[PDB]
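See structure below.
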Amino acid sequence: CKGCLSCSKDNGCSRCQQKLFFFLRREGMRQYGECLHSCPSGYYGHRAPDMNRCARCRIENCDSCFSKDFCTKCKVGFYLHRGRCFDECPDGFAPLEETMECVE
Amino acid sequence: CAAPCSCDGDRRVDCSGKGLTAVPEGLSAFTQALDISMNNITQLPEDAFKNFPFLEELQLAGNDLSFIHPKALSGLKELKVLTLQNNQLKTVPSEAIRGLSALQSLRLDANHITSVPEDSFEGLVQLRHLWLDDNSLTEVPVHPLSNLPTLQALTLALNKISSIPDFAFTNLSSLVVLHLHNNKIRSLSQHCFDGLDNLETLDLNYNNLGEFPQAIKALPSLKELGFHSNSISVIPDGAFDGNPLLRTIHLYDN
Ligand SMILES: *[C@@H]1O[C@H](CO)[C@@H](O)[C@H](O)[C@H]1NC(C)=O
Ligand SMILES: *[C@@H]1O[C@H](CO)[C@@H](O)[C@H](O)[C@H]1NC(C)=O
């Protein structure tokens, strides 16, 4: 119950602060709200004027995404190209392992 | 590994919510990941980060930061990610971030920025993702934006912008994703979007658009265009010939 406008014991947080992300955590059957300054891996913070909520990174092969489809960094075995995950660097591009992302 | 910071074997140090009023000391210079989120660092003195030349990712989320010394973050050439979201910044710290050549991702959302100096973002030739959510901006900063030739994703949601002049983004030839939702946009000039030849996702939810934005006729790679929850009334014939690759359209609640 940190940074929570209204925290209940059974349901955890239910209304985050003004500038905070409301995130739902699943554990066993227990599901409860939380307030974080930044949504965790696999989620992108979607702002709103009423309450700001995290949503799943819908783009596949992604572990951290800036928006619903732009991945800042893919998992292993997939170089980053314009925020999209490709196992190989396409034409006009070559693999670059040092930062694990597609370069010209 | 100095207390109260908890470290690991990957030079990643977490000191979240330790109530520190200043940058902790006694930490190895080899540390690359450092987090002081949810702390009480009211201000940053001069060169407070001289002891960490090998820093790659720095987080300052929700530390109630107010004022940054011009030389506060000098010599952070290895910096890749810097987050300053949810603090008391009013103007962008242009002098602080002048020398961060290798900076890749910069967060600035949830602060109280109301204006940006023209000279900001100079030399940031490695910027890829820039946030600007939840501020009191009233116009898009065209001149500072033009100094970002390698941007990929820029968001400006929940600001107080009203309109976008022509060629406001003319220099972001590498842009991919742009966000403007929950803003207060109502007018868009005909060539406002010219130059975004690599744009893929344009988001315009929750605005006051009363006419269709023919400016979107310059996005050869558009795929998502969501402007739902607006005052749109008329879709003219052939209003999409410039976007032959559209995938979805959000115009419900209109
Ligand atoms: C943060 O530090 C300032 C300056 O020392 C002090 O006035 C304030 O009470 C501190 N806040 C907290 C929550 O510790
Ligand atoms: C980048 O901005 C500069 C400064 O306004 C301008 O001279 C130049 O033409 C721009 N580059 C473009 C539009 O490709």
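Protein chains in written order, with PDB author numbering: chain B, 40 to 143; chain A, 29 to 282. Backbone N, C-alpha and C fix where the C-beta goes; we use that ideal spot for every residue, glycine too.
- Task: For ligand 1, list every residue whose C-beta falls under 6 Å from any of its heavy atoms, going in chain order.
- Result: A:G47, A:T49, A:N68 and A:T70
- Message: Taking 7 Å as the limit between beta carbons, can you name the residues of its chain near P121 (chain A), skipping five residues before and five after?
- Response: For the purposes of this step, residue 121 (chain A) is taken as the residue at position 93 of the second sequence. Hits under 7 Å: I96.
- Message: Please tell me whether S47 (chain B) and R54 (chain B) are closer than 7 Å, where the distance is taken between their beta carbons.
- Response: As a position in the first sequence, residue 47 (chain B) is number 8, starting the count at 1. As a position in the first sequence, residue 54 (chain B) is number 15, starting the count at 1. Going by C-beta atoms, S47 (chain B) is not nearer than 7 Å to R54 (chain B).
- Item | Within chain B, partners of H207 (chain A) - CB distance below 8 Å | By 1-based counting over the second sequence, the position of residue 207 (chain A) is 179. Going along chain B in sequence order, the residues near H207 (chain A) (Cβ under 8 Å) are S106.
- Could you please give me the residues that DSSP links to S257 (chain A) through a beta bridge? Taking the second sequence and counting its residues from 1, the one referred to as residue 257 (chain A) is at position 229. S257 (chain A) is not bridged to any residue.
- Contact belief for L88 (chain A) with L112 (chain A) at Cβ below 8 Å, rounded distance in angstroms: On the second sequence, residue 88 (chain A) is found 60 positions in, with the first residue counted as 1. On the second sequence, residue 112 (chain A) is found 84 positions in, with the first residue counted as 1. Yes, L88 (chain A) and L112 (chain A) are in contact; Cβ-Cβ is about 5 Å, under 8 Å.
- Query: Which residues of chain B have a Cβ atom closer than 7 Å to the Cβ of residue 301 (chain A), listed in chain order?
  - Reply: Chain A is shown only over 29 to 282; residue 301 (chain A) falls outside these bounds and no answer can be derived.
- Message: Strictly under 7 Å for the Cβ-Cβ distance: is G223 (chain A) near chain B by that measure?
- Response: Here residue 223 (chain A) is taken as the residue at index 195 of the second sequence, counted from 1. Closer than 7 Å: no.
- Message: Any heavy atom of ligand 2 inside 6 Å of the beta-carbon of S202 (chain A)?
- Response: As a first step, residue 202 (chain A) must be located in the second sequence, where it is residue number 174. For ligand 2, not one heavy atom lies less than 6 Å from the Cβ of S202 (chain A).
- Message: Can you tell me whether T198 (chain A) sits near ligand 2, meaning its C-beta is under 6 Å from at least one heavy atom of the ligand?
- Response: Walking along the second sequence from the start, residue 198 (chain A) turns up at place 170. Yes, ligand 2 has a heavy atom inside 6 Å of this Cβ.
- Query: Is there contact here, the stretch 199-207 of chain A with the stretch 218-235 of chain A, by at least three beta-carbon pairs under 8 Å?
  - Reply: yes
- Message: Helix, strand or coil, according to DSSP, for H171 (chain A) in the structure here?
- Response: Walking along the second sequence from the start, residue 171 (chain A) turns up at place 143. DSSP places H171 (chain A) in helix when its eight states are reduced to three.
- Min CB distance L273 (chain A) to chain B below 7 Å: Mapped onto the second sequence, residue 273 (chain A) falls at position 245. Interface flag for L273 (chain A) against chain B is unset, since no Cβ pair is found closer than 7 Å.
- Item | Helix, strand or coil at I213 (chain A) [DSSP, three-state] | Translated into positions along the second sequence, residue 213 (chain A) becomes position 185. It is coil, neither helix nor strand.
- Range of the contiguous beta strand (DSSP E) that encloses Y83 (chain B): Translated into positions along the first sequence, residue 83 (chain B) becomes position 44. It spans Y82 to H85 - the beta strand (DSSP E) in which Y83 (chain B) sits, taken as one unbroken run.
- Per DSSP, which residues does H140 (chain A) bridge with? Please list them. Within the second sequence, numbered from 1, the residue matching residue 140 (chain A) stands at position 112. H140 (chain A) pairs with nothing; no bridge assigned.
- Item | C-beta contact flag for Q71 (chain A) and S94 (chain A) at 7 Å | Along the second sequence, one-based indexing puts residue 71 (chain A) at 43. Along the second sequence, one-based indexing puts residue 94 (chain A) at 66. Their beta carbons are under 7 Å apart, which means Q71 (chain A) touches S94 (chain A) by this criterion.
- Task: Establish whether the CB of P88 (chain B) and some CB of chain A are separated by less than 7 Å.
- Result: Residue 88 (chain B) sits at position 49 when you count from the first residue of the first sequence. Taking Cβ atoms only, chain A reaches closer than 7 Å to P88 (chain B), which makes this a yes.
- Could you give the DSSP three-state label for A89 (chain A): helix, strand or coil? Taking the first residue of the second sequence as position 1, residue 89 (chain A) is located at position 61. Coil, per DSSP.
- Verify the contact flag: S217 (chain A), CB atom, against every heavy atom of ligand 2, threshold strictly below 6 Å. If you number the second sequence from 1, residue 217 (chain A) lands on position 189. No; taking the cut-off as 6 Å, the Cβ of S217 (chain A) has no heavy atom of ligand 2 nearer than that.
- Task: Ignore the nearest five residues each way along the sequence and tell me which others in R275 (chain A)'s own chain have a CB closer than 7 Å to its CB.
- Result: Taking the first residue of the second sequence as 1, we reach residue 275 (chain A) at position 247. Contacts found: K251 and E252.
- Check whether the Cβ atoms of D108 (chain B) and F117 (chain B) lie closer than 7 Å to each other. Translated into positions along the first sequence, residue 108 (chain B) becomes position 69. Translated into positions along the first sequence, residue 117 (chain B) becomes position 78. Against a cut-off of 7 Å, the Cβ pair of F117 (chain B) and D108 (chain B) comes out as no contact.
- Task: Could you tell me which chain B residues have their CB closer than 7 Å to the CB of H219 (chain A), listed as they occur along the chain?
- Result: The residue given as residue 219 (chain A) occupies position 191 in the second sequence. Chain B residues near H219 (chain A): none, gap ~24 Å exceeds 7 Å.
- Who are the near neighbours of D137 (chain A) in its chain, counting only those whose CB is closer than 6 Å to its CB and skipping five residues on each side? Here the question's residue 137 (chain A) lines up with position 109 in the second sequence. So the list reads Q113, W159, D161 and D162, once near-sequence residues are dropped.
- Message: Tell me the residue span of the beta strand (DSSP E) that contains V205 (chain A).
- Response: Residue mapping note: residue 205 (chain A) aligns to position 177 of the second sequence, counting from 1. Its beta strand (DSSP E) spans residues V205 to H207.
- Indicate the three-state DSSP secondary structure (helix, strand or coil) for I96 (chain A) in the structure shown. Within the second sequence, residue 96 (chain A) is the residue found at index 68, counting from 1. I96 (chain A) falls in the strand class under three-state DSSP.
- Query: Would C104 (chain B) pass as a contact of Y83 (chain B) if the rule is Cβ separation under 7 Å?
  - Reply: Position 65 of the first sequence holds residue 104 (chain B). Position 44 of the first sequence holds residue 83 (chain B). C104 (chain B) is a Cβ neighbour of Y83 (chain B), given a cutoff of 7 Å.
- Task: Report yes if the C-beta distance between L182 (chain A) and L155 (chain A) is below 7 Å; otherwise report no.
- Result: As a working mapping, residue 182 (chain A) is identified with position 154 in the second sequence. As a working mapping, residue 155 (chain A) is identified with position 127 in the second sequence. Result no, Cβ atoms of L182 (chain A) and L155 (chain A) do not sit closer than 7 Å.
- Item | Buried versus exposed, by CB contacts within 10 Å (16 or more), residue 3 (chain A) | Residue 3 (chain A) lies beyond the residue range present for chain A, which begins at 29 and ends at 282; the question has no answer from this structure.
- Message: Which residues of the stretch 143-174 of chain A have a Cβ closer than 9 Å to any Cβ of chain B? Give them in chain order.
- Response: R156, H157, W159, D161 and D162
- Message: Taking the straight line between their C-alpha atoms, what separation do you get for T142 (chain A) and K58 (chain B)?
- Response: For the purposes of this step, residue 142 (chain A) is identified with residue 114 of the second sequence, where counting begins at 1. For the purposes of this step, residue 58 (chain B) is identified with residue 19 of the first sequence, where counting begins at 1. Each residue's alpha carbon lies about 16 Å from the other.
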